[PDB]
Structures are given as C-alpha cells and as structure tokens.
Amino acid sequence: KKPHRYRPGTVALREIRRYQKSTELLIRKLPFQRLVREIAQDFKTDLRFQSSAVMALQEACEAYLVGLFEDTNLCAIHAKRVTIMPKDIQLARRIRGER
Amino acid sequence: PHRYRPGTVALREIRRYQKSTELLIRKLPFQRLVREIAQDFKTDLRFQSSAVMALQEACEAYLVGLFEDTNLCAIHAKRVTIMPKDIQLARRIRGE
Amino acid sequence: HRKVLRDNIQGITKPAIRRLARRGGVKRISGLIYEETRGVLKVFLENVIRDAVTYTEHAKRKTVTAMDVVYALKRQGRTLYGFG
Amino acid sequence: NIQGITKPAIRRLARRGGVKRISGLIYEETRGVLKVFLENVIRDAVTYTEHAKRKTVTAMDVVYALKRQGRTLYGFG
Amino acid sequence: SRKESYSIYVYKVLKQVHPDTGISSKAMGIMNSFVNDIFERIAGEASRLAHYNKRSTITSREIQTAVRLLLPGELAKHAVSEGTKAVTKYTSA
Amino acid sequence: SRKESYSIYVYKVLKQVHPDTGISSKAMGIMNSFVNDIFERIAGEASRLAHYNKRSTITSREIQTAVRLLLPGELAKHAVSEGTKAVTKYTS
Amino acid sequence: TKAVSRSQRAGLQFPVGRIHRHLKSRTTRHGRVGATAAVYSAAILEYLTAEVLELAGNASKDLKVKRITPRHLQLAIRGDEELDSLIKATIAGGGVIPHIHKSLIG
Amino acid sequence: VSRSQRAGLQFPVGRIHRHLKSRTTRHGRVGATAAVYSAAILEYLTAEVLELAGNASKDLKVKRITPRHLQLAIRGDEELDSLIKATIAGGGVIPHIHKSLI
DNA sequence: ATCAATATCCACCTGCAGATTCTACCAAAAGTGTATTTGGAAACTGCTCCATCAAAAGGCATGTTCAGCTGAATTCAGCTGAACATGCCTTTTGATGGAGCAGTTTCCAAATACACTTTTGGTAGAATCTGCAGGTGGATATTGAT
DNA sequence: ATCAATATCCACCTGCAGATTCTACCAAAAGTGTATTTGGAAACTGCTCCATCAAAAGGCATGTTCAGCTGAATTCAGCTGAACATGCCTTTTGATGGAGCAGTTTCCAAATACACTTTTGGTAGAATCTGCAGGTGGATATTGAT
Ligand SMILES: [Mn+2]
Ligand SMILES: [Mn+2]
Ligand SMILES: [Mn+2]
Ligand SMILES: [Mn+2]
Ligand SMILES: [Mn+2]
Ligand SMILES: [Mn+2]
Ligand SMILES: [Mn+2]
Ligand SMILES: [Mn+2]
Ligand SMILES: [Mn+2]
C-alpha cells in the first residue's frame, strides 16, 4: 500500500488554476505592513499610515509582481524552459525599461 | 579571390551604422507610404516637409530600439539570428 | 515606541512569492528566484514610498494617506483604481 | 507601397540596433510593425490637423501625436 | 464634511443596462476612479487643444477631438455619437 | 504674440560652460524641445500639488516638491540647491 | 417657470452642471467653458460607464451572482480589446484572466 | 534691473513667470519667487547637458555641439538618461555590440 | 487499459455584514438680468507645397556558392516539487490614549491690477569661418597557408 | 600562432559652400510705481482614526526527505542566410510654374461670465433589505500506480 503521490508539476498546475481564479492578496498582511513602515521610516521618522494607504501599496505591489512573473514566464518559455530563472526576470525588466 | 567569412561584414556594418546618425530608409518611398496611410483618414492632405522628416526620425528610432530588444530576445534563446518570434516577444513585453 | 523594525523584506516568504508566480502562470521556479524577487520588490516599494512621502511632506502631514500613495503610483505610470 | 521599405533598409536599421544575423521572415514582420506604428501616429496627427481646420499636416501635429503616444520627439518644435 | 462623487450616476446607468444587478462598494470605488481618470484625460487634452489653436474657450469641439485622440477605434465612434446626440438634444431646448 | 524661443539663453549658458564652443541649429532645436519639455513637467506637477492641497498659488515650495518628484536623485539635489540659491540671491 | 435640470435637458444621467463646474475650475488663466462642452463630456463619461457596466454585468450574470465586483470589472475590461487598451490602471482586487501556456500542460 | 539678473540667472524670469501664470486654474496665482526657482532649475539642467555635450564635441575636435554629441552626453549619464527618454532626432545610438556577437 | 485516491464541481442553505433604500437638510445648480469677451465670417496676400519635367548614379534586385548556425537528438547529475511533522505568528476583534487631521475666524504679507516708460528678443541680411567632399597614406584587422 | 597578402578603417589634408554667428531695427513685453484686495497662515479646537497592545487558535511557514524529470552539456548535418558579382531601375537631384492655403487683421452677433436669488438634487447617516460567504454533501473528472 504505497501512499498516493502526485507527479511533479501536477500540483503546480492545480495551484495556477486556483490562484488565477481568485483575487485575494497573496502576501501576508502584517509582514507587508512591517515592510512598508520600515522603508517609510527610513525616509522620514515617526510617520503614520492610513490603513487604506498600506492596502493600496500592497495591491500595487502584488499587481506589479504578478505582471512581472507573467513576462518572466514568457522569457523562460522563449528559451524552451518551463522553469523561470533570474535571467528571465532580468530580461523582462530590461525590455520593460526598468533599471 | 578574396572572400570574407559570414558575419565579418555584418559586424563591420554594425560598427558603421552605430557610428553614424543618418536616416536609413530612403526618402521618397517613406514619403509615399506616409501619404498613402494618411489617405485612409483625411483626403487632399498636404504635409509640411519637416512633418514627414519628423515621422521618419520617429519611425526609425522606434525600429532601432525594437531591434535592440529583439536582439536581446534572440540572445536569451542562445541564438545570434533574430526571428519573428523575437520581435513578437519584445513587443508583448513592451505592452504593444 | 514600537519595537524597532529590521529585516522585514524577509517577511515576503518563499510561499508568498510562489503564490504570486502561480497567479502569473508560472509552473516551475529556480531556487534563486526568491531573493531576486525580494530585491526587485524592495526597489519597487522604495520608489513608490519615496514619492508618497514627498507628497505627505508637501502637505505638511505626519500621516501618509491613501491619496499620497495613489498620486505616487500615478506619477510612476502605475495608476491604481479603487482607493480614491 | 510598404514594399518600398526595402530589405537593405530594414537590415540597416537592424545593424544600427546591434543585430548580426537576420532571419528571412524578419523583413515582412518589420513591414507589418512599421505599418501599425505609422498608422497610429498619423491617425492622431491628422486628428490634430482637422481640429485646427487645416489641410496641411504640420511638424507640430506630428510632435503632439508622438507626445500623446508616449514617444516624445525632440528637435522639431 | 461633504464629499461629492459619481456613485449615484454610475448606479443609475447600472440600473439602465442591468436592471436586476447591484454593485459592491469596492467595485463602485473602481468606477469612481475610472470616471475621474477619463475626465482628467479629456479635460487636459481639451485645454491643450484650445491652447495650440489660440482659443480661450473649451467648447464641445475640443471635447470631441479629445475623445477621438483618447479612445480606440469603435469606442470613439460610439462615444462621439452619444455626445453629438446629447448636444443637439440640449440645444434644441 | 511673439514666436518665443529659449535659444538666446541656451547660448548664454553655452558661453558660460564652454566659451570656445558653438552649437548647430539642429542641436539648438533639441535644446529648445528639452527646455519646454522639462518646464511643462514641472509646471504641471506644481499645479497639481497646489490643487491636491486646496491652494491656488503656485509658489517655489510647489516648484521644489515637483523637482524632487521629477528629477532622479543627484540631479534633484543639485537642482534644488540651485533654485534655493537663486531665490535667496533674488530676495536679498 | 420651474427649474429644468441641464442633465434632463441633455437627456443624460450624468450631471451636466457639476461637470461644467469641474471644467471651469480646471482650465487656464482667463479660460472659458462653452455651454455644450459639459454636455458632451457628461455624455462621453456616461457612455463609457455604460460599456464597462454592460460587460461587467454580463460576467457577473454568467457566474450566477447579482452584484458586480472588481473581479467582474477586471474580467470585463481585460476581456475587451478596446477597453483593455483604454484602461491601463490596476484594478484593485481584480485578479487576472486564467491562462496557462500550452507548453506547461503535460 | 531685470528679475533674471537679480537672481543671477541667464534664463528669463519674467517670461517664465508669464508662462506659469498661463498654466494656472481659474483664480490661480503665481508666487513672487516661483519663476525664479523654475528659471534656475531650467538653467541648471541646460548647463549640465551642454557641459557634457561640449566635452564630447571637444573630444572629437569639432567646434559645434550637434545632436550626436547631445545623444552621447545624455545616454552616457545614467541620471540624464533616465530623465530624458525622448527621441533625440539625428542622435543615433551609442555603439555597443553584445559579447556573443563577436 | 482497471481501480483506489483525491481533487474539483456543482447542487443546497441561512443570517449577518455589507448594500440599498429612506429621510430631510442644505450646498450648489439653475433662473434672471446685465456686462464683457470671442470666435468665426470676410476679404487679403505672399509662402510653400504640389505637380511636372528631366538626367544619371547610387543603391537595390537577383542569382550562385557555401560556411556555419539552428534545431534535433541524446544523456544524466542533481535541483526542485510533493508531502508532511511541527509549532509559531498572523488574523481578528476590542481597548485605550492621544497625535494629528479637519473645521473656523481673523487679518496681513503676498498677491493682483493698471498705467506708463524702458528694455528685450525675433528677424533677416551681412560677415565669418566651420565642417564636408573627396583624396592619401598609414594603422589595423581579417584571411589563407603553414 | 607566424607570416605574408589583402581589404578596410581612420586621422589628416585642402578649398570653399554654406551654415552659423554677428548686427541692428522695432513691436512686444518686461519692470516700475502705486493702489488695492485677498488667499492662506496662524491659532484654536472638535473629535477621527491611528499606534500599540492583548488574547487565542488555527492557518500557514518552515525545514526536511526523496526521486522525477528538468536544464545543461554535447554532437552534427541539413539548410538557410551571408557574401559577392552584375546589371538594371528607382531615387536623388535640380529646376520651374502656380494653385492652394495658412497666417493676418477687422468686426460684432452670438456666446459666456458674474452677482444675486430661488429651488432642489445630492449627501450623510439611519433604517431596512438580502446576497452570498462559507459551510455541507455528494456526484464527476482527473490522476497515477498497477
Ligand atoms: Mn530603519
Ligand atoms: Mn537685444
Ligand atoms: Mn570623407
Ligand atoms: Mn592615387
Ligand atoms: Mn473694496
Ligand atoms: Mn479670504
Ligand atoms: Mn556542411
Ligand atoms: Mn428632493
Ligand atoms: Mn460558496
């Protein structure tokens, strides 16, 4: 009686279906908030945030990163791979005009 | 009889046209294309000459930049030969 | 007054990055992606927050508003809907 | 008419862009891309032209159209 | 602390096109951002058109040209038709 | 009314930084486009800044914030410094 | 003679007088705003709103719900070529349209 | 004494003040020093660009700055490169061949 | 090319959090009367852009030859996915001060307004002097033969 | 890995066309002097909502084992795209007339602005309404070891 095991890639594809169906934010909220406050405080001590300001920052950061993983994936496929790698991210950012 | 090996003259051309700034599309056929396209929008259009030149500077700059991004995509795939799929990838990432 | 914040870029965990990549359609992920993604995110966030705080400081406020963020995102060509 | 944009001109633009080897299918793909770009720019340029109740497209019409497509051009006013 | 918004007008249009449909408040916030965004684009381009042509009045003609610059393809034809219909109706009294 | 250009001022700056150096007509066209471009970016952002804060005056505080939003870093700090110097020389 | 709404007069739902005031206060130094400029603007905004709500409501109806969410706005805008190129902004809470590249399915 | 001269500037404070006054909203005003600050920014960036391009022109031993020298100056300076994305007509590109193409 | 595992899909249901409707004040839209601005018709003229005509050379089109790039086929070390035990830290909801964002009032430093004199800057022709066309001759770099 | 041949590239040259710089006129516009108004700062205060902490539990992150299958490395030949000779045509260049229009200035009926007043459409908050978010269960499709 061997325990059931999905083959590598089956669960990844199910996870794609799942997260592409839904819309909830995918970074944990309190750690994202700590990050925002850390960076902001390094620009200006003793700042406060409206909670909606933090949420707007998280929405924009997650949309940006999802869009970047889409482009990165296009580059990895272009090289006949299914695995994204740093060089894919860097090519996509270069063609996007980012630094 | 002297023969350069494939790629020697291409490299030389790269250095040549990256050293220079002149327009690379010939004037009259570009002007003809501009007028034909504009026909599909308003008739008896006249053009200032500086307007056609503006459009050519923009078109050539656009194509040059596109070919730099296309070259990046060919190189990413371990090729030196740009192919239509390289143009298509660069334009899709560019949002075009 | 609160505990000093340090090293919170690590709060963006490997599973969080994997979920983001999955929403982006990615099936397989190099082990080196996670740190690369952290670096890219930090730059993005820094740049947005820099401008948001510039708006906050121009308004003589101590509180970053959602509008400061919206304006910063617009100034960067990343317009955001839903927070006006 | 788009065929007056010749294979050697296209090759010259690619060379300025740093390209060493060019697939045979590139020339027609490039004509397609060029045609779309020129259409979009000229459509806006002419829109500016007919707003001014003019019959002659100015360099300023072209500059404004390039500006509003995010491809600002310096040098023509 | 009175705050104007497009919410009731968006809602009236919604009841026109989908009589049995509502809208969450987050979606309504999205529609409000959309309306304010398009309005700023049209107003700015309209001001620039007026300036280019040495006119000091923004008229329906600057608005129409702004719409034709702003809107792709079919959306432009449909929007221009809605706008000229609204103007001709308005001036007919 | 007049067909304005920045050419004479650009030329005066050229003679300040490189006394022996000329400039072609086409390059001067590029410099005029550049000056008008930057000016409209700064005036636009300064205008918006005033409005966001329910004010109708564009002051040098708006110009300075716009410069900090529009210019990338070292250029921004040097530009601010130059604006500040000019304002205090002017009001002296 | 009782008051007549400029909106009703234009046959519109969007508010012509309010939009006219927005145009008057966002202009030039001595700028003027013609009477029908606000009519035209309101009609454009109203039409664009109608198109977005039409598609979004079709998507919500297909998923058997009664309320439009950002999810439906996103599906509607990104699923329509012209709306997609008009509206480049991020739709908060919108997610993405399903798509798995062919080479990734075994 | 002109406002430009008072500020120690070459760029025209009064003209710029009129232009700013033209980009206000209804009832918009322009403060006493905003044109001075604006003119100073414009002169500063103009001087940075011309200084670099003039360096290029002298290095090529010609006496006049051309679009080409402006392009080399701007594209070779990371800050100016990021500030100025517009097409420099007649500037060409900076020479560069990717390593694998040699 | 059969069967257990397990995920996914697809009905159902309620009550409560979120959305919609109700309610009544009131800010701003609309009406009135009057004052000021303007855009668009109307003559008016030079500039500039189009059409047409021509020679000719410079670059494109085409056909051959073959170097060497791309893509296909193969192999395999080890990276990354799947699964899961462990336990912690995020989420959720509320308390509690109080920082600081908004709302009001005043009243002045800062801004506009206007008449008038000085001063500037766009223009077009003269005067000046750069940089381009081609030419050389040397530097450099490629190619074949070893 | 020299070492001859051989092709191209790159400073450098002169002569001078012509592109830039110089010059001077003159509407336009900047600056000044004076007067006057006013946006917004400086207090002052209501009172929102923000920071931080608390608790508890359970969703989820972490770290590990193990092996499937991916990326990496390698080989190679079919075929495509580079190089080149050659011959032809399209573009360039140079000129010449004039039609068309864009740019200019005047004029004023139509259009828009503005203060004051009337009226109500639009808003905040309260009351009311009800989707749909999670539950639940069971059928269907997929998967992967046989
Ligand atoms: Mn810190
Ligand atoms: Mn002078
Ligand atoms: Mn030469
Ligand atoms: Mn000789
Ligand atoms: Mn008074
Ligand atoms: Mn006041
Ligand atoms: Mn062979
Ligand atoms: Mn009522
Ligand atoms: Mn459910």
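Chain letters run A, B, ... following the sequence lines, proteins first, then strands; residues in each count from 1. Note: hydrogens, waters and symmetry copies are ignored here, and every other heavy atom, side chains too, is used.
- Candidate nucleotides I:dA111, I:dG59, I:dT91 were compared by shortest atom distance to the side chain of B:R26, and I:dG59 ranks first.
- E:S5 comes within 4.0 angstrom of the backbone, heavy atoms only, and of no base.
- OP1 or OP2 of I:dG122 has at least one side-chain nitrogen or oxygen of H:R15 nearer than 4.0 Å.
- Ring geometry for E:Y6 against G:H22 counts as perpendicular: the plane angle is over 60°, on a 0 to 90° scale with 30° as the lower cut.
- Between E:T21 and A:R34, it is E:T21 whose nearest contact on DNA chain I lies nearer the 5' terminus.
- Between H:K58 and F:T21, the closest side-chain pair of non-hydrogen atoms falls below 4.5 Å.
- No hydrogens or angles were tested; on distance alone, a donor-acceptor pair under 3.5 Å links the side chain of B:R3 to the base of J:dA83.
- On the basis of its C1'-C2'-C3'-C4' angle being positive, I:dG135 carries a north sugar.
- A straight line from CZ of E:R55 to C1' of I:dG39 spans 6 Å, rounded to a whole angstrom.
- Judged by closest nucleotide on DNA chain J, A:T83 is the one of A:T83 and D:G24 placed further toward the 5' end.
- Distances shorter than 4.0 Å separate some side-chain N or O of C:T63 from OP1 or OP2 on I:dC101.
- The pentose of J:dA85 belongs to the south class of puckers. Its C1'-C2'-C3'-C4' angle has a negative sign.
- Between the CZ atom of C:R2 and the P atom of J:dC50 there is a distance of 14 Å, given to the nearest Å.
- In the interface, the side chain of F:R2 is paired with the base of I:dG121 through a donor and an acceptor atom under 3.5 Å apart.
- Between D:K55 and A:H4, the residue anchored nearer the 5' end of DNA chain J, judged by the nucleotide with its closest heavy atom, is D:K55.
- Annotation: cation-pi pair B:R12/B:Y4 present, NZ/CZ under 6.0 Å from the ring centroid and within 45° of its normal.
- Per the geometry, OH belonging to B:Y4 stands 18 Å off P belonging to J:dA82, to the nearest Å.
- Taking atom CZ of D:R11 as the reference point, atom P of J:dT80 lies 16 Å away to the nearest angstrom.
- Taking atom CD of A:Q33 as the reference point, atom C1' of J:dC50 lies 11 Å away to the nearest angstrom.
- At the heavy-atom level, A:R5 lies under 4.0 Å from base atoms of the strands shown.
- B:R15 comes within 4.0 angstrom of no nucleic acid atom, judged by non-hydrogen atoms across all strands.
- Annotation: C:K62, atom NZ; neighbour count of heavy atoms from other residues, nucleotides and ligands within 6.0 Å does not exceed 12.
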